[PDB]
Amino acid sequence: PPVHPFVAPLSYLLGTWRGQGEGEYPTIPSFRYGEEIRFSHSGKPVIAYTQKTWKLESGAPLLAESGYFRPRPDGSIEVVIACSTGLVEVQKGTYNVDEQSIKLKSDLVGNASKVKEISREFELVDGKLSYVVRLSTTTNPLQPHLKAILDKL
């Protein structure tokens, strides 16, 4: 199906991406992981998102998440994500065509024992997809947790 007019400004996402990331938080040792993301669509004003992570050395599965990105022509966007850990997120924010960036902060984080807010920021950098995930808890303010860079396949 043709790309919906609301999806077209984010058409640079469509496809599959693979790369590597690093995680950290004040309470844990830093770690690395592999990551794969697919963005797809079915002609609606929605982009399907599906992701997985693995251990770099072996390919052993780690986690997975999936959801939907809903951009609008005013530059606003809402993203919903379900995670294999048992969390859900409602993310809201904006996208910027000139910067090829997407900036999101959570309206809600569901079913979490400790996490309070999550922000997710994407940028296309020399054709590669970069992001940063930040998270807070009741006692740790919003701060970096994950960052990755992925090549388009």
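Note that residue numbering follows the sequence shown and begins at 1.
S.K.: If you average the Cα B factors in the entry, which is higher, 25-33 or 59-67?
M.R.: Between 59-67 and 25-33, it is 25-33.
S.K.: Tell me which stretch, 133-141 or 14-22, has the higher mean Cα B-factor listed in the entry.
M.R.: The stretch with the larger average C-alpha B-factor is 133-141.
S.K.: Which listed residue, 128, 105, 114, 41, has the largest C-alpha temperature factor in the record?
M.R.: Going by the entry's C-alpha B-factors, 114 comes out highest.
S.K.: Just the C-alpha B-factor column, please: which of 53, 94, 100, 119 has the biggest number?
M.R.: Among 53, 94, 100, 119, the highest C-alpha B-factor in the entry belongs to 100.
S.K.: Considering every modelled residue of the chain and its Cα B-factor in the PDB entry, is residue 149 in the lowest, middle or highest third?
M.R.: CA B-factor rank for residue 149: lowest third.
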